[PDB]
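Just the one chain here, laid out as structure tokens, in the form deposited in one PDB entry.
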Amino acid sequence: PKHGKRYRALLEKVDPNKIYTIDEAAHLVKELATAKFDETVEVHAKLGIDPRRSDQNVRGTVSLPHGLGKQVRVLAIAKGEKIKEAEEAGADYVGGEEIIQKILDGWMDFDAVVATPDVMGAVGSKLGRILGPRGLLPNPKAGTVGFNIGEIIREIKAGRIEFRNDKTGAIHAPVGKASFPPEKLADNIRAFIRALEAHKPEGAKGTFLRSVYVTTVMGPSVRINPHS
């Protein structure tokens, strides 16, 4: 069949006609985590926007109240003293334009890139075609470009996530782990939804949150009332 026995059992646990409250889903989603690791919990929403126009894009970051339950390998590219501000903030890999060469050669061992605006000329032109397609190019809207490198790094290390609608008008984010207590999952989920709504495009017509789902890495989805 299309799914293995493990996944089939999980499918029994969901009412496919029910719209769950966030509180309920918080509990349920933990039951939907039966893979052989501590599964990330995810939220997905179908947005009432035209992804074809940039002025109706939804893109930002939100600090999850309870963090991500995952460490983020952070590479910072900075010039001068900012190089130390970076290291001190806890950056995994630190460097200036010199390390651009490493990435040009194929080095990709990191999850997030942050940089001072003053290296963004080189980063953009040298790394743009490498980091861009990977959604790893530092960017104001992603909160990954700034002179306050240490504050950015700390926010990211503290559980700040980025979200950006895809070309189909959908949007997705990790919001914790199946090991989180349900109340904490619930908080993180709301935090994300709130951040989403704070980025509703003025021009967006009709229901913004057309649908909102919660799920686990390897499990089925649960449809939720975003305002619960």
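All residue numbers refer to positions in the sequence shown, first residue = 1.
The mean Cα B-factor in the deposited entry runs higher for 78 to 86 than for the other of 139 to 147 and 78 to 86.
Relative to its counterpart among 214 to 222 and 13 to 21, 13 to 21 has the higher mean temperature factor, C-alpha atoms as listed in the PDB entry. In this entry, the residue among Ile130, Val114, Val94, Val72 with the greatest C-alpha B factor is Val94.
The form deposited in another entry exists for this protein as well; it is not shown, and the discussion that follows is about that form.
Among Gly146, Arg160, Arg194, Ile100, only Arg160 lies at the hinge, the spot where C-alphas switch from fitting one rigid part better to fitting the other between this form and the one not shown. Relative to the displayed conformation, the Cα-Cα distance from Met120 to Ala173 shrinks by 3 Å or more in the other form. One change in the other form concerns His172 and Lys141, whose Cα atoms lie at least 3 Å closer than in this form.
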